[PDB]
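Let's start with one chain on its own, the form deposited in one PDB entry, as structure tokens.
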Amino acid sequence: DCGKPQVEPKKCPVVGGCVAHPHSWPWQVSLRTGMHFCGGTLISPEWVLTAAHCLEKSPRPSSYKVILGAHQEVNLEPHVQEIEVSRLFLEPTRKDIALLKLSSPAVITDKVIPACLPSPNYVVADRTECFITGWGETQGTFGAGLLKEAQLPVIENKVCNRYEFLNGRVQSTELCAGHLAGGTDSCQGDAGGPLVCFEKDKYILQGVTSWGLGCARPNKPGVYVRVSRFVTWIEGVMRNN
């Protein structure tokens, strides 16, 4: 199954946001060199989707290991799965997304479950509230060392591209999300991680955390790779590899 967590997530009462209910984001992975540096999303037992820039340092699959089922970043709880990577696939048109093929398939449990993929070309609607998760910088917000989440509204690209916001920087193959007043956002260390949206009864991976003009700054929503524009490619890679 995909996108349905066995442990249900909770909304809040990553900069700002809140600590996630443990194991409520079971597709969240930690990409490591043993130091956490990026996030990723399990999309199938043997496939993880992340950001290409997370792999800029090394083109060798051996440089990387994936931690699945975690909540704590450092003291990795017992049942965590640590799997090596056998192959790296950078998106072929230099977009900031990549696939990692795991050496062995992750075992699906109550704490390790893949997120679902969207249909091709779907466009998350303006104002849709989605969630981002990760173990990255908190910029003086609490939660360091534990998996955090933030619920953010999508900002349609036409708006996001205005001078007041990102000023033409955003591609159709990207989406924007964030609270314009600032204070809550994904940040460095969350890159490559998921932006998921609840659709009917489960969570669909709609974005991959990519970049931003800072973190949690006013009028500067985060930019995510729009997964729906890469589903066909992803499917092809999975099928042929």
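We number the residues from 1 along the sequence you see. Think of the rigid core as the biggest set of C-alphas that the two forms share within 1.5 Å after superposition.
- Coordinates are given for every residue of the deposited sequence from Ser62 through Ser63, so that no gap is recorded there.
- Between 133-141 and 86-94, the higher mean Cα B-factor belongs to 133-141.
- For the pair 15-23 and 213-221, the mean B factor over Cα atoms is greater in 15-23.
- When the C-alpha B-factors of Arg169, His79, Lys158, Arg127 are ranked from the entry, the top spot goes to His79.
- The entry assigns its greatest Cα B factor, within the set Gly69, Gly40, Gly207, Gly189, to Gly69.
- In the PDB entry, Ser58 places in the highest third of its chain by CA B-factor.
- Per the deposited record, the Cα B-factor of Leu195 falls in the lowest third when ranked against the other modelled residues of its chain.
- Among all modelled residues in this chain, the alpha-carbon of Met35 has a temperature factor (C-alpha) in the highest third.
- Looking at the C-alpha B-factors along this chain, the one for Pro153 belongs to the middle third.
- Among the modelled residues of the chain, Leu99 sits in the lowest third by CA temperature factor in this PDB entry.
Below: the form deposited in another entry, not depicted.
- With the core superposed, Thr209 shows a C-alpha displacement below 2 Å between the shown form and the other one.
- Core-superposed comparison between the shown form and the other one: CA of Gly189 displaced by 2 Å or more.
- Comparing the forms between the shown form and the other one on their rigid core, the Cα displacement of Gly140 reaches 2 Å or more.
- Between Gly214 and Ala20, the Cα distance is smaller in that other deposited form than in this structure, by no less than 3 angstroms.
- The pair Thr128 and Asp185 is at least 3 angstroms farther apart at the CA level in that other deposited form than in the present model.
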